[PDB]
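In what follows, a single structure is set out as structure tokens and then discussed.
In our numbering, the protein residues as written are 71 to 400.
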């Protein structure tokens, strides 16, 4: 089997991408944030505290003839940005782009943190990291991809995120028309539960490529590119007037600037992030200070190849017995 679904930016900045997901019988379609940095499929629901729902579409398990309470199971997650959610668990039928999994754990939120409530466009998350990170207790549950894998034509999914435009998540096949050149594959460590890999270096604009190992994770659920402070300083030094602002929380730059590109290495291959992709717009409405899309990871503990980087590539998440990642230009 295969599946193919369009993923759509939630706003004009590409802050996140939503993909329609069918849950239950009859289908209830929710728009979920596909997140290769986490491993829970959780949804706003009829169980979510009413004051914490503000415009989201909810899953109502009592209206699904295939929903079954997973007795005794609870979940609770905290994300790298400080947000969180928690609740109980049902199993139900879940379909993405024509690919159906029966008995998928659907984690129903009883509580969500304010950042989720305040984002009316995201009805939940669909985690695509390794199932060892799934938070369901006392019996850890598998991701949608883990459940589908054995049925897929090939045990892979691909992320093709658009810049200011829709893109595609495919399951079970490589669309060879969706990229240019070849796909360069690189080793993955699953020891932390992430799609963790090592970039071979970087360049700023037309500058020389610096060969250096940068370990990080491919994370569709993170907006920006978070890299070591040395690398980030080298980038922003090429933008007149850019500076790190403690009060804003990262590098800012004059909105009048033209940003240089940023290149990262994948083996001997190179992925070029155009400068435009690094502009996240005014820090507040009407400001002439703009927020940068490349930020330091120093306070995180891990480097994160988030959407800024991934949307410059066609990305293969190869879930074979020994997982690997593939990157192609597009």
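We treat Cβ as the ideally placed atom computed from N, Cα and C, and that holds for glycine.
Residue i bridges to which residues according to DSSP?
i           : result
residue 174 : 162
residue 79  : 87
residue 266 : 259 and 287
residue 179 : 157
residue 126 : Answer is none; residue 126 lacks a bridge partner.
residue 398 : 384
residue 271 : 281
residue 113 : 178 and 194
residue 375 : 288 and 295
residue 138 : 161
residue 73  : 241
residue 146 : 156
residue 99  : 92
residue 250 : None; residue 250 has no bridge partner.
residue 105 : 197
Starting from the C-beta of residue i, find all residues in its chain whose C-beta is less than 7 Å away, skip the five residues before and the five after it, and write them out in chain order.
i           : result
residue 257 : 267 and 394
residue 170 : 163
residue 119 : 180 and 181
residue 125 : 190
residue 349 : 329, 360 and 363
residue 221 : 71
residue 308 : 274, 275 and 330
residue 138 : 160 and 161
residue 251 : 398 and 399
residue 128 : 114, 115, 116 and 118
Apart from the five residues on each side of it in sequence, which residues of its chain come closer than 6 Å, Cβ to Cβ, to residue i?
i           : result
residue 79  : 87
residue 306 : 312 and 321
residue 228 : 240 and 386
residue 324 : 311
residue 344 : 331
residue 263 : 199, 200, 202 and 203
residue 294 : 363, 365, 376 and 378
residue 340 : 333
residue 327 : 309
residue 248 : 230 and 384
Measuring alpha carbon to alpha carbon, tell me which residue in the options is nearest residue i.
i           : options               : result
residue 150 : 309, 348, 388 and 287 : 287
residue 375 : 388, 389, 391 and 397 : 397
residue 402 : 128, 373, 245 and 342 : No information on residue 402 is available, as it lies outside the stretch 71 to 400 that the chain covers here.
residue 74  : 293, 347, 238 and 361 : 238
residue 83  : 388, 390, 378 and 370 : 378
residue 167 : 160, 77 and 189       : 77
residue 214 : 262, 348, 371 and 72  : 72
residue 93  : 132, 123 and 371      : 132
residue 172 : 136, 247 and 159      : 136
residue 104 : 193, 148, 187 and 130 : 193
residue 225 : 354, 389 and 327      : 389
residue 373 : 316, 353, 91 and 265  : 265
residue 255 : 231, 269 and 347      : 269
residue 44  : 259, 358, 356 and 106 : The requested residue 44 is not part of the displayed model; the chain covers only 71 to 400.
residue 298 : 282, 157 and 259      : 282
residue 243 : 218, 160 and 236      : 218
residue 101 : 90, 109 and 161       : 90
residue 147 : 347, 165, 174 and 197 : 197
residue 160 : 292, 175, 117 and 278 : 175
residue 272 : 399, 337, 154 and 165 : 337
residue 121 : 235, 354 and 183      : 183
residue 195 : 251, 234, 289 and 280 : 289
residue 412 : 129, 234 and 158      : One cannot answer for residue 412 here, as it falls past the ends of the chain, which runs 71 to 400.
residue 186 : 157, 123, 128 and 138 : 123
residue 117 : 155, 109 and 81       : 155
residue 319 : 354, 81 and 291       : 354
residue 85  : 391, 292, 316 and 157 : 292
residue 153 : 108, 253 and 279      : 108
residue 284 : 134, 356 and 371      : 371
residue 205 : 245, 158, 223 and 165 : 158
Taking Cβ positions only, does residue i come closer than 8 Å to chain D?
i           : result
residue 255 : Included in the structure is just one protein chain, with no chain D present.
For residue i, which residues in the same chain have their Cβ closer than 8 Å to its Cβ, ignoring the five residues on either side in sequence?
i           : result
residue 260 : 200, 202, 266 and 393
residue 352 : 325, 358, 359, 360 and 361
residue 279 : 271, 272, 273, 333, 335 and 340
| Does the stretch 370-383 come within contact of the stretch 330-341, defined as at least 3 CB pairs closer than 8 Å? | yes
| said: Runs of 4 residues minimum, wholly inside the stretch 292-369: which ones carry the alpha helix (DSSP H) assignment? | reply: 299-306
| query | With contact counted as at least three CB pairs below 8 Å, one residue from each stretch, are the stretch 91-102 and the stretch 197-208 in contact? | reply | In short, these stretches do not touch, since the Cβ pair count stays below three.
| field | Any 3 or more C-beta pairs closer than 8 Å across the stretch 176-192 and the stretch 106-121 | value | Touching, yes, given that three or more Cβ pairs across the two stretches are closer than 8 Å.
| request: Flag this pair as touching only if the stretch 355-369 and the stretch 296-311 have three or more C-beta atom pairs under 8 Å; answer yes or no. | output: Cβ pair count under 8 Å is three or more, so yes.
| request: Would you be able to state if there are at least three C-beta pairs under 8 Å between the stretch 205-215 and the stretch 127-143? | output: yes
| request: Would you list, in sequence order, the uninterrupted beta strand (DSSP E) runs of no fewer than 3 residues that lie entirely inside the stretch 180-238? | output: 194-197 and 226-230
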